[PDB]
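The figures that follow rest on heavy atoms only: side chains count, while hydrogens, waters and symmetry mates do not. Chain A is the first sequence line, chain B the second, and so forth, proteins listed ahead of strands; every chain is numbered from 1.
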Amino acid sequence: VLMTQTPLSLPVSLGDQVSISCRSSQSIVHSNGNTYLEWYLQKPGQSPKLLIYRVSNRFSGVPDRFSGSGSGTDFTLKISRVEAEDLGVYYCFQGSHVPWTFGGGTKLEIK
Amino acid sequence: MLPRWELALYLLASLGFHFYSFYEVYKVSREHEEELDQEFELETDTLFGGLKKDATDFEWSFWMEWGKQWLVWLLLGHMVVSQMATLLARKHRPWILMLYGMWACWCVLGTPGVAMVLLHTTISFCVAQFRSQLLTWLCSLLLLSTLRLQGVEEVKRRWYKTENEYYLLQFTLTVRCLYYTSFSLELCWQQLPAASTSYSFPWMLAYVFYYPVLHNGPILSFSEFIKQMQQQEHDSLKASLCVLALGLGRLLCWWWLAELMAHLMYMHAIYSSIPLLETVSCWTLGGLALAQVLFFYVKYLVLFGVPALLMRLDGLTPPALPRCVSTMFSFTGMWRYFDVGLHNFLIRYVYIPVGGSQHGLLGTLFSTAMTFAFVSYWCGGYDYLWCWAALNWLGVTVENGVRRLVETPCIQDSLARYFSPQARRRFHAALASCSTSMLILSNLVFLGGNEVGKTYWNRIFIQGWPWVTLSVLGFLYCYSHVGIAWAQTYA
Amino acid sequence: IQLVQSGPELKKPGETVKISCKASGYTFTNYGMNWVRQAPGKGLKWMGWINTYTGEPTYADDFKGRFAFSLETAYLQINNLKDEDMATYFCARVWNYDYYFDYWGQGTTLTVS
Amino acid sequence: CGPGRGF
Ligand SMILES: CCCCCCCCCCCCCCCC(=O)SCCNC(=O)CCNC(=O)[C@H](O)C(C)(C)COP(=O)(O)OP(=O)(O)OC[C@H]1O[C@@H](n2cnc3c(N)ncnc32)[C@H](O)[C@@H]1OP(=O)(O)O
Ligand code: HEM
């Protein structure tokens, strides 16, 4: 399963709306009847951290500005207010079809 | 590889002694017909021109009388209900089949049968909620001993009134034991997120009440079950019809062959007459042994081919049917290719968790002994079963030791520089014959009992040592060549 | 709950490698363990996981034949014979349901030349 | 498999 992310790197100003798109090659719907697609943010020089775990869900410590929507084959992550700690690389990840594959990565920058 | 003329002589001698021993057994059967009749009643039918039938085999007679009355109709009902569910509601097929299995178990075993199956399943699930493999195995062993309790036997015989329904209940519960043990162990071992939704109580009930394997059917893995029960892609009913036609033809051929053997030769009555076993000749004795093992093979072909056909219609992949016993030449091959489903269950849930061939020879001894002790206790735990288990454990251990000793680099290079591949094949055939004789003796202890075992031992290896034993070993050497040459196509 | 890895490794292209991951703060045998690798000119890549309760590993098809996972039940090791793979190896814990990687290690950098 | 009782 090949996951493509758009854009590759985008500049943002502090306090903007950001939308990152992840498109799979096939359907990420599992035999269980639910799709396991999740989002990870990696800051420079450390380990990735989970933000959204199932489509539209949210991890425990994550703030309330990381809404992520998604269709059956197209998914979107949204950041309402870029609070200067949301800069890094964002990966989408599917866990429905073996082997599990990460996305290409999207890099946020400041203009 | 041996020259083809050598291999042909070997196959010819093999078929020769098979058929001559069968002829000797037929002769003795025809000759002791009236005595065997006044001792054990023989059935009559016009299926084979007027020959009487030996109906002493408990399992064959029991399953045939149950199937001619209830089981064939209930299996046809399962087939048609499964097809209608696949046609109309493909997502609800597991629950529809669960309801049908519960209703069929009720119809054939009353309310107490369903109640007991539900109770066992509930207890196993509630204990598996702790996620401890030792505790799960302890619960399973206690539930299995509840069957061996005499007072419980009394209460259940009081429950039923025809004394065959009690045996049906016992066999059903014995197989349910393995089914919910597999489920509970997979639940204890689950660690993968997408697999979290598989071990629910509805799924356990659907796994336990799957009618093709409810009463006697082989052990189907829960992984394969839940994988196939969530595919949503049908399998071409037009091809299902042809699958059914070919399966029915093959099953009728097998049934006819088994009835032909039981009509021709009275192997079971003769094994029941020990004073007659002591007087029959050695050719008749060996023919009785071959007839026993081949009748068991064909009987279980029939008993496993109906659940296999129903699973193949449902779209599942069932465990493979037994390989012909006239091609087995070793303990390891026998116990890997006869009962594939139970072998896989044992490998996965008894052998490896105790520690298999990866922790030394003493660990291998302990694991193999645990496996065979469990198999004996599950088959019933009678003295002859424990004896069979000890003999098979010894055979497997000796074969493992000899193979590990031969596959060492030093001895392997010594052989590869001293003897040709032909001579090595012939030495392996001699060792395989010496092992096949003990395999046959152990399984004769399983099929006939301890007295039959001691009769065969005394009459073949003690009283007639110098020449009867050598003739048996030569015939088994030729047979071992044939079996080893055939084993390359699948090993 | 923290996962701590071994440290940087400077080795020549022919040697082997054994990296360790120690987990503290939870029952080690209750959850599985996954390995991810991050090459300098690439993103994350899943190498495989190993059942911590039974010690059964499963590798991705790409990372098969050379790598091996092992237990010391509360540490877990990865072993390989090297090639031109200078990735950074991350150790991750997998959850029982609904999401995979809740906790990660610090990362072990591997240099071959 | 099966017990295979004699009875
Ligand atoms: C003249 C012509 C007439 C001849 C005719 C003669 C006979 C004809 C009579 C018929 C009459 C029937 C009458 C009774 C028939 C019933 O009704 S009784 C019920 C049927 N089943 C039984 O009786 C039980 C037999 N016992 C078993 O199956 C046990 O599992 C055994 C036999 C001890 C295991 O044997 P095994 O499969 O060879 O085990 P092993 O060699 O270690 O390898 C297994 C795998 O597990 C892996 N493994 C091993 N240890 C570990 C570990 N610690 N961790 C992870 N993996 C491991 C191995 O690497 C190996 O990998 P593979 O290369 O296979 O992929
Ligand atoms: C020297 C004697 C024999 C040899 C070498 C031999 C060999 C074989 C082989 C190679 C197969 C196919 C492989 C397999 O199905 O696993 C087979 C199948 C079979 N054998 Fe034999 N066999 C012998 C005697 C017998 C006898 C005497 C009987 C019955 C009285 C018998 C009954 C069967 C049956 C029912 C099958 C399966 C047929 C099917 O799958 O449709 N065999 N045998």
inquiry  = For a side chain to side chain contact (heavy atoms under 4.5 Å, CB included) check, start with the C-alpha distance between B/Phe209 and B/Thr121, then their side-chain angles and the critical distance, and finish with the verdict.
reply    = CA-CA 10 Å; B/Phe209 281 103; B/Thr121 299; 5.5 Å; no

Answer yes or no: is there an ion pair linking [X] with [Y], defined by an N-O contact shorter than 4.0 Å?
X	Y	answer
B/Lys454	B/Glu451	yes
B/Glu186	B/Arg348	yes
B/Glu399	B/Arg403	no

Tell me, do [X] and [Y] make a side-chain contact under 4.5 Å, heavy atoms counted?
X	Y	answer
B/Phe225	B/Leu220	yes
B/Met98	B/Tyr211	no
B/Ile352	B/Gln358	no

Atom [atom1] of [X]: over 12 foreign heavy atoms under 6.0 Å:
X	atom1	answer
C/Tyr97	OH	no
B/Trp70	CH2	no
B/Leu88	CG	yes
B/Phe130	CZ	no
B/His234	NE2	yes
B/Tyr160	OH	yes

Cut-off 3.5 Å, side chains only: do [X] and [Y] have a donor facing an acceptor?
X	Y	result
B/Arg157	B/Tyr167	yes
B/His215	B/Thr172	yes
C/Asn30	C/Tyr53	no
B/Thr56	B/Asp54	yes

key: Verdict with supporting geometry, B/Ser140 and B/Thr181, side chain to side chain donor-acceptor pair (under 3.5 Å)   = CA-CA 6 Å; B/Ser140 286; B/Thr181 298; 2.7 Å; yes

Donor-acceptor pair, distance only, cut-off 3.5 Å: does the side chain of [X] make one with the backbone of [Y]?
X	Y	value
B/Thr368	B/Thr364	yes
B/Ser182	B/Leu178	no
B/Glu43	B/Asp45	no
B/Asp339	D/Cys1	yes
B/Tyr179	B/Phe222	no
B/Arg148	B/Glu153	no
B/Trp378	B/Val175	no
B/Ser124	B/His120	no
B/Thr174	B/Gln170	yes
B/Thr327	B/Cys324	yes

task = Show your reasoning for whether side chain to side chain donor-acceptor pair (under 3.5 Å) applies to B/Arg323 and B/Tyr490.
result = CA-CA 11 Å; B/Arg323 291 202 172 266; B/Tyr490 65 83; 5.0 Å; no

request  = Decide yes or no on side chain to side chain contact (heavy atoms under 4.5 Å, CB included) for B/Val452 and B/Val445, but give the supporting numbers first.
outcome  = CA-CA 7 Å; B/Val452 175; B/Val445 173; over 6 Å; no

Can you see which heavy atom on [X] is nearest to which on [Y], and at what distance?
X	Y	value
B/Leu169	B/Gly113	CD1-CA, 3.7 Å
B/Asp57	B/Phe295	OD2-CE2, 3.1 Å
B/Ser326	B/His18	OG-NE2, 3.7 Å
B/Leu391	B/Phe331	O-CE2, 4.1 Å
B/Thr436	B/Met328	CG2-O, 4.4 Å
B/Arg131	B/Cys188	CA-SG, 3.6 Å

What's the spacing between [X] [atom1] and [Y] [atom2] if we round to 0.5 Å?
X	Y	atom1	atom2	answer
B/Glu59	B/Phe296	CD	CZ	6.0 Å
C/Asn51	B/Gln191	CG	CD	4.0 Å
B/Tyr210	B/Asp314	OH	CG	3.5 Å
B/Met438	B/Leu441	CE	CG	6.0 Å
B/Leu109	B/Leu214	CG	CG	8.0 Å
A/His30	B/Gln230	NE2	CD	8.5 Å

request  = With sequence neighbours excluded, tell me which residues meet side chain to side chain contact (heavy atoms under 4.5 Å, CB included) with B/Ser200.
outcome  =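 Scan of B/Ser200 (side chain to side chain contact (heavy atoms under 4.5 Å, CB included), adjacent residues dropped) gives B/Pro202, B/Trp203.
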
Under 30°, 30 to 60°, or over 60°: which ring-plane class applies to [X] and [Y], parallel, tilted or perpendicular?
X	Y	result
B/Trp335	B/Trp388	perpendicular
B/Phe446	B/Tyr384	perpendicular
B/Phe62	B/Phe171	perpendicular
B/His78	B/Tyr100	tilted

inquiry  = The test is side chain to side chain contact (heavy atoms under 4.5 Å, CB included); show your working for B/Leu173 and B/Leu147 and say whether it passes.
reply    = CA-CA 8 Å; B/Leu173 291 180; B/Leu147 297 174; 3.7 Å; yes

From CA spacing to verdict: side chain to side chain contact (heavy atoms under 4.5 Å, CB included), B/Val213, B/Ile219 = CA-CA 8 Å; B/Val213 284; B/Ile219 307 301; over 6 Å; no

request  = Assess whether ring-ring contact (aromatic ring centres under 6.0 Å, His included) is satisfied between B/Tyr349 and B/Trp189, documenting all intermediate values.
outcome  = CA-CA 11 Å; B/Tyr349 303 103; B/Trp189 293 343; 5.6 Å; yes

task = Before giving the answer on side chain to side chain donor-acceptor pair (under 3.5 Å), spell out for C/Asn96 and B/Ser196 the whole-Å C-alpha distance, their side-chain angles and the decisive distance to 0.1 Å.
result = CA-CA 7 Å; C/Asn96 286 319; B/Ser196 179; over 6 Å; no

request  = Could you give me the CA-CA distance, side-chain angles and deciding distance for B/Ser184 and B/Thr136, then say whether side chain to side chain donor-acceptor pair (under 3.5 Å) is met?
outcome  = CA-CA 7 Å; B/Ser184 302; B/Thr136 290; 5.4 Å; no

